[PDB]
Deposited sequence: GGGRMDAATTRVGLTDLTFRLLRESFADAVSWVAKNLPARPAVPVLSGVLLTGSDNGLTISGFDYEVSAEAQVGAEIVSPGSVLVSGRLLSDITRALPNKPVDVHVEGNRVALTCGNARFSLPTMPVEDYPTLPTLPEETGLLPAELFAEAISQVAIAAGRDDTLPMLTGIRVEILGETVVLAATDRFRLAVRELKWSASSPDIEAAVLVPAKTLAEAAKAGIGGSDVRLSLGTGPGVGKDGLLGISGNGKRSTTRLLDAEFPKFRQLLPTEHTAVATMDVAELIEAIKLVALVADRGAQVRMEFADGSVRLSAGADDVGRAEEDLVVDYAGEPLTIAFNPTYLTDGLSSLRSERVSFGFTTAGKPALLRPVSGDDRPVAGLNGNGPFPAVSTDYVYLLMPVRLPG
C-alpha cells in the first residue's frame, strides 16, 4: 500500500502542527497520511478547524492511511533524528526508525471527512509580523467567554492596511499593520475565534503568512478564514457576531499623560500585588516626577513603591486590575509606556514608547494601543 521514507525532523514538524491546530466523532482522533509523487500530506479535521501539512518525502508507493494523531504525534516527537520508514501492510502501519519498530492499527479512509477548500488568497505578510501582532491583541480577547462575540479577534482589511482588535469588555487591544494586498481595493471585516488564531500565528516560524478570505464581492462570504505558508494550511470558521465600535474611545488628547519604564513597572506591580485583596486592584497615585504604586489593606498587608515617571498634568489617582495592567504592559513590546488619561473613571490608553505643561496633551500616533478600564477605589 502506501509506503514512504523521510527524515524524522520533517515528519515530526508536519505531524505536530496538524496536532497543534486540532489539537465527538471517534474518527476525528485519526490523522490522514497521503503520499503522492514526491510529497507527503498530513491532514486533520475537526469540523471547526482543519489543518494540513505538506512535506517532501521519498514515496516508494503512493496511497492513503488513517491513524491515531495523538499516537503518531507522541511517537514522531520521541524518535531519534534518523530516517523514518513507513509501510502500510494489511490494516496496520509499520513505522521503522533505526532499531525501533512500531506497528499501529489503521482506520478506514472512507470514513474521514473531506477537508474544506481554502478561499481565494486575500493578502500576505511576514509570519513574524503576523505572530507578533496576533499575540499582542489576543491577550485582550474574552477567551473562554460565554459571550461568543468577545471570543473573537476582529480583522479589518482596507487595501494594504489591516487592523486587528480584541476585547473582553475590560481591555481593548488594537493593532494596525501593513501587508501585501491581493488588490488595492479589497475591503473586509470579519471576526475570528481568538484561540484558534493565536494558536495558528504561534506555530506560524516561516517567512510568509497568507490570509485567505476570498476577493471582490465575496470576501468573508465562505465563513472560513484560510491561513497558509511553509507547506502548511489551516481553516477556521468565522464567528457570526458583530464586533463593538471602538474608535470613538480613542481620544485626540489627554488631561494627563504619564510616561515610564515598562520593565520596572511590571516588576513593581508583581511585588505590591503580593498583598492585593484577591488581586482585585493596585492603586496608582501620579504626580510630577513620581508615581506611588500601592495595594492591599491593613488586615492582610499593605505594600507600596514609588517609581519615577515623566508626568504631565494635575495629580491623579487611578486603580487597575493588576493582571489586566501587566497584560497590557507586556503587550507593548517596547522599553517605555505612556498612559493617556481623560480621567473621571474613563479608560486609560496605554501606548508603546521608544527608549529615545497644563494641557490638554495631544495623543501620539502609534500602530498599537491597549485601552484599559480602571476599577473603583474600595
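Coordinate gaps, deposited numbering: Sequence ranges with no C-alpha atoms are 1-15, 39-41, 223, 376-383, 406.
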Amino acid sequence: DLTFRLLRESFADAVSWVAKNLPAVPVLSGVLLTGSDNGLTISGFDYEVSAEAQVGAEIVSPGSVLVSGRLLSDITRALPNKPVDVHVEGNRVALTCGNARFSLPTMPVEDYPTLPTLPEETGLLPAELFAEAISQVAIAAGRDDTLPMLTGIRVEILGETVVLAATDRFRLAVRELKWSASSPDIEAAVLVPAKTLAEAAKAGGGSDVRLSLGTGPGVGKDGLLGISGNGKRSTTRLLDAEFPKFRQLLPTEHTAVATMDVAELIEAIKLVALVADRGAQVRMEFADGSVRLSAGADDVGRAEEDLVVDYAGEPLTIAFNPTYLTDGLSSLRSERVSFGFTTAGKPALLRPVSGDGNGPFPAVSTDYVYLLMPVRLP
From here on, numbers count along this sequence of modelled residues.
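When the C-alpha temperature factors are averaged for each of 98-106 and 159-167, which stretch ends up with the higher value in the entry? The stretch with the larger average C-alpha B-factor is 98-106.
Of 364-372 and 14-22, which one has the bigger average CA B-factor? Between 364-372 and 14-22, it is 14-22 that shows the higher mean C-alpha B-factor.
Residue, from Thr259, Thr114, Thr122, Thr235, that the PDB entry assigns the highest Cα B-factor: Of the options given, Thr114 has the highest CA B-factor in the PDB entry.
Please pick out which of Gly69, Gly340, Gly328, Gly63 has the largest Cα B-factor as recorded in the entry. Result of the comparison over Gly69, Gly340, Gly328, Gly63: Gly63.
When the deposited Cα B-factors of this chain's modelled residues are ordered and cut into thirds, is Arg210 in the lowest, the middle or the highest one? It falls in the bottom third of the chain.
Mind checking which third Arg175 falls in for C-alpha B-factor across the chain? Lowest third, going by the recorded CA B-factors of the chain.
Taking only the Cα B-factors deposited for this chain, tell me whether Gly152 sits in the lowest, middle or highest third. Ranked within chain, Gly152 CA B lands in the lowest tercile.
Among modelled residues of the same chain, the CA temperature factor third for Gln248: Within its chain, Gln248 is a middle-third residue by C-alpha B-factor, going by the deposited values.
So where's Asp240 on the chain's Cα temperature factor ranking, which third? Highest third of the chain for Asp240's C-alpha B-factor.
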